Structure formats: structure tokens, C-alpha cells
Amino acid sequence: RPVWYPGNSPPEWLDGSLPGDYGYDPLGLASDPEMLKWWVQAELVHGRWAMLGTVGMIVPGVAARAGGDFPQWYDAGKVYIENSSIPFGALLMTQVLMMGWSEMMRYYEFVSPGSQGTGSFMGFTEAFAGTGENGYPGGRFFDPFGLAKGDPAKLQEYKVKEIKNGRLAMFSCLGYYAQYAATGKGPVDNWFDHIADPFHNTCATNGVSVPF
Amino acid sequence: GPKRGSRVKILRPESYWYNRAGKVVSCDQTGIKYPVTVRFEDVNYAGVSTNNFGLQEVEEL
Amino acid sequence: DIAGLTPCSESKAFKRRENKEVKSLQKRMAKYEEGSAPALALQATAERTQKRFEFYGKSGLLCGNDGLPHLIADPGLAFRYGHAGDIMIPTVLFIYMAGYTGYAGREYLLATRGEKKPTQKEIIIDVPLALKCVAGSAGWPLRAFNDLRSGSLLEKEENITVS
Amino acid sequence: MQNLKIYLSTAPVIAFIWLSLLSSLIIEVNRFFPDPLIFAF
Amino acid sequence: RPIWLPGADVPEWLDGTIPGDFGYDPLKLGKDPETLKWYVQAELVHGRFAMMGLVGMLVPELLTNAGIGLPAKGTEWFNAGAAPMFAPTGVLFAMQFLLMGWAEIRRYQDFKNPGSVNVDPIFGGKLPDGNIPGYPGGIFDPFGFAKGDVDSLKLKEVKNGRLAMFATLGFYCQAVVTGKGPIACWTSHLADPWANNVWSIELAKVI
Ligand code: CLA
Ligand code: CLA
Ligand SMILES: CC(/C=C/C=C(C)/C=C/[C@@]12O[C@]1(C)C[C@@H](O)CC2(C)C)=C\C=C\C=C(C)\C=C\C=C(C)\C=C\[C@@]12O[C@]1(C)C[C@@H](O)CC2(C)C
Ligand SMILES: CC(/C=C/C=C(C)/C=C/[C@@]12O[C@]1(C)C[C@@H](O)CC2(C)C)=C\C=C\C=C(C)\C=C\C=C(C)\C=C\[C@@]12O[C@]1(C)C[C@@H](O)CC2(C)C
Ligand SMILES: CCCCCCCS[C@@H]1O[C@H](CO)[C@@H](O)[C@H](O)[C@H]1O
């Protein structure tokens, strides 16, 4: 198996079948078998918020080239409550209400996979029952196109794509933060700035990353 | 008389296990003054986990 | 009023006591031009200190001759004459603070008692079992009465004595 | 990770960690709610 | 069987025996049997007061604020502390205490000795009883329910009692903050749901 840092062998505990398992645990935090399935969900969740976050940053940025007046991802928080029309408290506290429902629901299917779709949440049996893997609910709502139902050999082949596209969305979304704190400008602005004058726009020239 | 492994309460006035449960490791069939030998999970001051008693003192529960 | 005292708001030495501190403080911060944080840090404390004075005067504490707020123990005095917040209320707070950790220490010793060797279980805590007790300990007043009346709180007469 | 937990469960560790959770909390309660003589608020 | 949250526990000492049991007792107050017996009655007595009581808060203020028809004297439920007229609060209070405490010690000494609060000689006259444990029946069920819907009726008492208790606490905390009446707190939210929410005022607003 094509491990990272070729020439070594994977940590002996995880050689197993996990989508996108390259044998990378250099601090050995999967050593607890009970805890590993908790990290596998932890990644899957971050990978899914990443891939939504990245597009959510780039598109309003890319939208701004043609005009169309959007903000950058930073200071899009202000611009909305600048124009407001609903208070900040009501919004953040509707978050915690609706959002906390899903997560605290998402959790007790991880704890005990049987419940959450036994029934008696507005019916909806088998939509929430979960398909048995850690971070994959499946079902009617979460899976409207009925994918991950037919051929499994094609499914396991998506589960790999999802992670590998997720691990990249995270590692890019670390760039959006870091290259904002330095250049103080949007992600697609930088993607033009370096594509225009690559030589003087590079990382060493932001005056922050390379202090003197 | 009393039998091995069965729990016991000890009424011996001078003791660290007085009124404290213990398990007989062995009982002798003999005329020994202090035949029965108990064993306690607790530790004495001396570090002693076992002692011999008389039949008149040991009582089984 | 009570016990030959006066509410600190209508006190006098208390008002000296408040306004003598700011003077000694401000005469100190005249040594720092406002471009220094020490000019700000001292300022912020003078405004911080005056807040508490308007708080102590308002809340109705009783300052004796010295101008320092005293307290009053007796319920029949604190309650009837209106200020019980000195002890009478927080003496309830503490007991629920202290008994909670008190009774949460008893269950853990029970839960960890029956085992092969409880000793190693006292050194090395299993935090989940300790968490289930920290949770279960709440409402100990109602759970103490019940171990009290059911007879499960005491260990009765198999205790050991000497002579 | 098995044995790292069991060490973190030793008596002095929790004694440090859990007091530093009170200590910190009791410190910050005094940051936002300063100078609490009586329960008057 | 319904659970408070579907994935957790149903604690060992608690099975689904009694009605209104969804398996929620985090602090584990009831454990030994002779206690759980007690609290079950403590719930219903609350659940029953809360239902009746809340309607004392809800409806009178509703009438007044739902129109001119029969405006409620005493205004909002916490403005009816005033408007005693005939008798002084010193006496009218200790008339209650003496009067209630007769009936409610009768209720306890029944829980203590279940069969008969009062057997036919003592407490002259009266003593009809016809009493099962945990519910009085007898006098207190005049129309003669427990016609075979009991189990359902039992579930319908608790589940409404559970809610009126919880809803009552809102009346307290709301009025303690917004200083308005419930339908004032009601409509003002229903008017504009966002700005008139909680947590925009005084309480989570500490932020
Ligand atoms: C017109 C109204 C009226 C009504 C409805 C009643 C009804 C009753 N009277 Mg009566 N009574 C009346 C007028 C009335 N009385 C008048 C005008 C006088 C005086 C001339 C009396 C003098 C009187 C006496 C002397 C006796 C009754 C008794 C009774 C009870 C007999 C029933 C029984 O044995 O069942 C079982 C017994 C019951 C009491 C059923 C319980 C029903 C209710 C809930 C009990 C209420 C009792 C009352 C509140 C006690 C407190 C008042 C008192 C201590 C000052 C019955 C409740 C007998 C009794 O024991 O009551 C005092 C009795 O011996 N009556
Ligand atoms: C949590 C367990 C626990 C409980 C329920 C008690 C209960 C009691 N102790 Mg005690 N004690 C404990 C731990 C505990 N102790 C420890 C750990 C020590 C020292 C190593 C002592 C030292 C001690 C002395 C010297 C005396 C008592 C006394 C008493 C009695 C009066 C209460 C009192 O004033 O104590 C006051 C408490 C102290 C002075 C020290 C307590 C310090 C804290 C509470 C210990 C830490 C608790 C532990 C970390 C909890 C872990 C919880 C977690 C595992 C879930 C009461 C029966 C007194 C007595 O017998 O009078 C009747 C008495 O003279 N105890
Ligand atoms: C989830 C995520 C991003 C989510 C983005 C979101 C929600 C978007 C938010 C926004 O749209 C809003 C809300 C409003 C917009 O206007 C603005 C923003 C704010 C942009 C990033 C995760 C980012 C997470 C990252 C980058 C993590 C990198 C972790 C690494 C490399 C860890 C490696 C190791 O752990 C292993 C693998 C194994 C161990 O043995 C060794 C070590 C080293 C410990
Ligand atoms: C009875 C009650 C309210 C009664 C109100 C009455 C009579 C109102 C009367 C009035 O309005 C009128 C009639 C007219 C007005 O003019 C006068 C007044 C006087 C104003 C509230 C109970 C209120 C009771 C409440 C809110 C209880 C909430 C309990 C919860 C949330 C959970 C509790 C737990 O016990 C469990 C379930 C499991 C444990 O493990 C965990 C814990 C937490 C211990
Ligand atoms: C994470 C900060 C708190 C430190 C304690 C968390 C682990 S809890 C820990 O879990 C181990 C699992 O093998 C047990 O062996 C151990 O007894 C238990 O205390």
C-alpha cells in the first residue's frame, strides 16, 4: 500500500480498511481502538465542512471580479449585520438551537447506531437509521439521489474520493486563513496577484511570513 | 468445626480485625489452642494479612 | 440602627474611606503621561474601585464607626431587618457546594469498592466512573435523606473498636 | 494511547488538572463579577 | 418505548413501569423503591397545581388582552398580589395554612398507611374514601372516569402536567425580565419574531 513517507511501514495498529488510509499517525493517536472510530468521524465531518467552506470562500471572491458587489469571506460577517434587519443575538441563538439539534442527534447515532430512526421522531424510520458506517448516514434526506445504494464497488471508490478531496479542502482552507492574515486580501485576489506578477507577489514578499 | 473459605466475623478483643470479616484459609482437625487461620484483605499495622484464632472467638457469617 | 450601626451609604468614615483611596491613587498616576499604559491601568482601577463603593452603599451593608462594612449572623436579624445576603443566603450556597463534593466522594468509594483490589482504583481514578458520580451527586440533599431513612447511609455496628 | 490515558488518570495528575479548572474558573468569575462580598446582585 | 433522547440509557433502576416514564433521571434522585413511590406523588401534586394554577395566569390576562369583554381585575398574574379587599393578609393567610394543612396531612398519612386515611368511626361523618393508592378516586373522580381508558388517561394527565409545570416556569422568568404579561410577551414575539426573541434582552445578552 502506498504509504506516506515511502520506505517505512505503517503503524502496526492501522493497516486496516479505512477510506484513504495511508498509514499516517505520527503521534499515534489512533492507538486506542475505541477512539479511532471517533477520529474517523471527526475527519469526515471536518472534511465535509471544509469542502463547503472552500467553495463558500472562493465563489463570492470569484464573483467579485465581474463586479456584483459581494464581500470577501472575511468581513462578510459585518456586511450582513451592517445591513442587519435581524439582530445578531437572535441569529447566533437560532444557530445553537437548530444546529445543536443535528449534532446532538448526529452523536447518539454514533454512540448507539440502533436508535435515531427506530421511529418516533415524526416517523421517518430508515431515513435516519444510518447505513452502519461511522460518518455515513445514507438514507432518504441525506442521500436524495439514491447513490451509495447500487454497486458497492463503485461506492467504496467514492468514499476514497470524498476523503482525499476533503483532506485537500482542509489543507487549502488552512491557506485561506494564513494567507489572509499576511496579505490581507481575498483568496481569488491572491490567485490573480500571483498569476499577474508572480515574482514580487510570492510568499517571501508579504513582509509577514518572512520577518527581518 | 468451621470450614475453609467460608466468611467469618472475629470478636477477639485485641486485634486489628476485631468485628471485621475474614475468610478462613484453613481449619485444623487437631487439639491446637488456636487452630483456625483466617485471611483478611486489609493490612495490619505490622503488615500482617493473616492470623490464627481460637474456636471460641471466630464466628461464621 | 441595628446594634448601633448605620448603613454604609449614609455612613461618613466610609465616604472618607472611599474618597481617600482615589486621591492617593490619582496623585500617583499624575506621574505617567497618557501615552503610557500605566496612566490607563491606574485610571481603570480608580474607576473600578468607585464602582464597588456605589455597590456597597447601595446594597445596604452596615458600617460601624470605622466605616468598614460588618455582617450579622442571626437569621432573625438578617432576615427581618432585610439583609441576609451576608451569610444566611451564602451559608446555604456553601453547604450545597461542600456537600456536593462531600457526597460525590462517598458514591465513588462505593462504586469502586467491590472489585478484585479497590486499592489501585483509588490511586488511578477511572474518570468515567468518577463522572457518573459527579453527575449523580447533584440533588444530594434528597439523596442523603433517603440513604438516611432507608438505613443505607450508616454502616451500623460492624465497626471496629478497641477495648 | 491506552497507557497514556492510564497515566493521566493517576492521582496527582487529576489533582493538578482539576484544581487548575477550579482555580481558573474561580479566578475568572472574579474577572467579570469583581469584589463579591455579599450575595446582593 | 419512547425515550427522552432516543439513544441513551433508561437507567437500570428505572424500567418503563409507571406512566409518563421516558427514562430521564440524570441526577438519579429516585433509586431505592420507597423513594420513587414518594416522588411520583410529588410530581402529580405539582402537575395538578401547575395545570390549574397556570390557567389562573393564562386565561384572565388573556380575556382582558383579547378584548374589552370581562377585563381581569388584578391585571397581570403578578399584579393580583395587590387587590386583597375584605380580610387582612395576616389572617387570610393563616386561615389558608390551617385549612389546607388539614387536607394535605390527610393526603400524606394516606401515603404512609395506604388502605384507609380514615376508617369509618374516626373523623365523624365524611370518610367516603373508595381510595386506590397514588390516585384518590372516590369523591375526587365524580363523573366516574377510569372507564377503561385509565392507562391512556394516566398518560394524558402527566404529559399535560409535565408541560404546564415547565410552561409555568416560563411565566415566572419571562415576567421577571420583560415586565410584561404573557400575551404581551406572546404577541410581541409573534409580531416580529427576531428582535422580540429571548437572548436579545438582558439575560443571554450578557453574551
Ligand atoms: C341544607 C344544607 C345541608 C346539607 C347539604 C347538609 C348535609 C349533611 N349534613 Mg347537615 N345540617 C344542616 C344543613 C345541611 N346539611 C342544617 C341546617 C343543620 C342544623 C339545623 C344541620 C345539622 C347536621 C347535623 C347535626 C348532622 C348533619 C350531618 C350531615 C351529613 C350527613 C351525611 C352523612 O352521614 O354522610 C357521611 C357524612 C358526611 C358528613 C358526608 C361528607 C360530606 C361533606 C363533604 C362533609 C362536610 C361537613 C362539614 C364541612 C363539617 C364542618 C362544619 C362544622 C364542623 C362546623 C351531610 C353532609 C351529619 C354529620 O355528620 O355532619 C355534621 C350530622 O350528624 N347535619
Ligand atoms: C471525599 C471523601 C470524604 C468524605 C465523605 C469525608 C467525610 C468526613 N470527614 Mg474526611 N477526609 C477525606 C475525605 C473525605 N472525608 C480526606 C481525603 C482526608 C485527608 C487525607 C480527610 C481528613 C479528615 C479529617 C482529618 C477529619 C475528617 C472528618 C470528616 C467527617 C466530618 C466532615 C468534615 O468536617 O471534614 C472536613 C474535611 C477536611 C478537614 C478535609 C477534607 C478535604 C477534602 C474534602 C478531601 C478531598 C476529597 C476527594 C478528593 C474527593 C474525590 C472525589 C472523586 C474521587 C469522585 C466526615 C465524616 C473529620 C471527622 O471525623 O469529624 C467527624 C476529621 O476530623 N476527614
Ligand atoms: C473545517 C475547516 C473549515 C471550515 C470552513 C468554514 C466552516 C467556512 C467558514 C466561512 O464561510 C463562513 C462561515 C463565513 C464566510 O464569510 C467566511 C468563512 C469563515 C470562511 C477547516 C479545517 C481545517 C483543518 C486542518 C487544516 C487540519 C490539519 C491537520 C493536520 C495536518 C493534522 C495532522 C495530524 O493529526 C494527524 C493527521 C495525525 C497525527 O498523528 C499527526 C497530526 C499532525 C497531529
Ligand atoms: C407547580 C408549579 C407552579 C405552580 C404555580 C401556581 C400554583 C401559580 C399560582 C398563581 O398563578 C396563580 C394561580 C394566580 C396568581 O394571581 C397567583 C399565583 C400564585 C402567581 C411549578 C412547578 C415547576 C416544576 C418544574 C419547573 C420542574 C422542572 C423539572 C425539571 C426540568 C427536571 C427535573 C428533575 O427531576 C427530574 C425530572 C430528573 C432528575 O434526575 C433531574 C431533575 C432536574 C432533578
Ligand atoms: C483527557 C483528560 C482527562 C484524562 C483522563 C481521560 C481518560 S479516562 C481513562 O481511560 C482509560 C482507558 O483505558 C482507563 O484505563 C482509565 O482508568 C480512565 O481513567
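Residues numbered from 1 in each chain as written, not as in the entry; some residues may be left out. Chains lettered and ligands numbered in written order. Part of a larger assembly, values for the part shown. Heavy atoms only, no water.

- For this entry, the PDB record names cryo-EM as the structure determination method and reports a resolution of 3.49 Å.

- Chain D has the name PsaJ in the PDB entry, where Bryopsis corticulans is given as its organism.
- This entry's official PDB title is "Structure of PSI-LHCI".

- The name given to chain A in the PDB entry is Lhca-c, with the source organism recorded as Bryopsis corticulans.

## Considerations on the pattern of salt bridges
Residue and element names in this part refer to chain A.
And step 1. Under the criterion given, the structure shown has 20 salt bridges over all chains.
And step 2. Across the salt bridge formed by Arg-48 and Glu-162, the nearest N and O atoms sit 2.8 Å from each other. Of this pair, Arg-48 sits in helix α1 (residues 33-63) while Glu-162 sits in helix α4 (residues 152-183), placing them 114 residues apart in sequence.
And step 3. With relative accessibility at 27%, the residue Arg-48 sits in the partly exposed group. (Salt bridge = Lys/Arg side-chain N within 4 Å of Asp/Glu carboxyl O. Helix = DSSP H or I, 4+ residues; strand = E, 2+ residues; numbered from the N terminus. Buried < 20%, exposed > 50% of the residue type's maximum accessible area, 1.4 Å probe, protein only.)

## Here we look at the arrangement of the chains
And step 1. Highest in contacts among the five pairs of chains that touch are chains C and D.
And step 2. Regarding chain B and chain E, the two do not touch, and the least distance separating their C-alpha atoms is 26 Å.
And step 3. Contact between chain D and chain E is absent, and the minimum C-alpha spacing across the pair is 11 Å. (Contact = heavy atoms within 4.5 Å.)

## Some details on the site of ligand 4
Residues and elements named next belong to chain E.
And step 1. Taken together, 14 residues lie around ligand 4, and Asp-25, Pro-26, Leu-27, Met-57 and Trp-77 are the ones closest in.
And step 2. Here an oxygen atom of ligand 4 sits 3.2 Å away from a polar atom, N or O, in the main chain of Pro-26.
And step 3. One nitrogen or oxygen atom from the main chain of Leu-27 is found 3.0 Å from an oxygen atom belonging to ligand 4.
And step 4. Contact with the protein chains covers 57% of the free accessible surface of ligand 4, which is 980 Å².
And step 5. In terms of residue count, helix α1 (residues 33-66) provides more of the shell around ligand 4 than any other element does, four residues in total. (Near = heavy atom within 4 Å. Polar contact = N/O pair within 3.5 Å; in protein donor to acceptor, adjacent residues only side chain to side chain. Areas by Shrake-Rupley, 256 points an atom, 1.4 Å probe, with all protein chains shown as cover.)

## A short note on the packing of helix α4 (residues 90-111) of chain C against helix α6 (residues 127-136) of chain C
All names here are of chain C.
And step 1. The contact between α4 and α6 brings their axes to 9 Å, and the two run at 135 degrees. One way to sum up the angle between α4 and α6 is to call them oblique. Viewed along their axes, α4 and α6 form a crossing whose handedness is right-handed. Residues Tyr-100, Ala-104, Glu-107, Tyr-108 and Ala-111 of α4 pack against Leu-129, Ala-130, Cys-133, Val-134 and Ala-135 of α6.
And step 2. Its residues assigned to classes, the contact of α4 with α6 comprises nine nonpolar, no polar and one charged. (Axes fitted to C-alpha atoms, helices over the stretch in contact; angles between N-to-C directions. Parallel < 35°, antiparallel > 145°, perpendicular 65-115°, else oblique. Left-handed = near helix turned anticlockwise from the far one by under 90°. Nonpolar A, V, L, I, M, F, W, Y, C, P; charged D, E, K, R; others polar.)

## Focus: the nonpolar core
And step 1. If you look at the biggest cluster of nonpolar residues, it comprises 10 residues: B:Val8, B:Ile10, B:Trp17, B:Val24, B:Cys27, B:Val36, B:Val38, B:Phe40, B:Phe53 and B:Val58.
And step 2. Sorting the residues of this core by element identifies β1 (7-10) and β3 (36-39) of chain B as the ones contributing at least two each.
And step 3. Once you skip the residues sitting within four places of it in the chain, B:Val8 turns out to touch B:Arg20, B:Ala21, B:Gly22, B:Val24, B:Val58, B:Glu59, B:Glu60 and B:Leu61.
And step 4. C:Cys8, C:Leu61, C:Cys63 and D:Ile38 belong to the second largest nonpolar core, which has six residues in total. (Core = buried A, V, L, I, M, F, W, Y, C linked by side-chain atoms within 4.5 Å.)

## Structural notes on the packing of aromatic side chains
Given two aromatic rings, one states the distance between the centres and the angle between the planes to describe the pair.
And step 1. Evaluated as defined, the whole model comprises 29 aromatic pairs over all chains.
And step 2. Relative to A:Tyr180, the ring of A:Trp73 has its centre 5.4 Å away and its plane inclined at 65 degrees; by these criteria the two rings are edge-to-face. Here A:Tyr180 lies in helix α4 and A:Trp73 lies in the loop between α1 and α2 (76-83), a separation of 107 residues in the sequence.
And step 3. The partly exposed category is assigned to A:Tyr180, whose relative accessible area is 31%.
And step 4. One aromatic cluster is present, built from ring pairs that chain together A:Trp101, A:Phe121, A:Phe124, A:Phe128, A:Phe141 and A:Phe142.
And step 5. A cation over an aromatic ring shows up here: B:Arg20 above the ring of B:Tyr16, its NZ or CZ 5.7 Å from the ring centre. (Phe/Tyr/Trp six-rings, centres within 6.5 Å; stacked < 30°, edge-to-face > 60°. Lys NZ or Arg CZ within 6 Å of the ring centre and 35° of its normal.)

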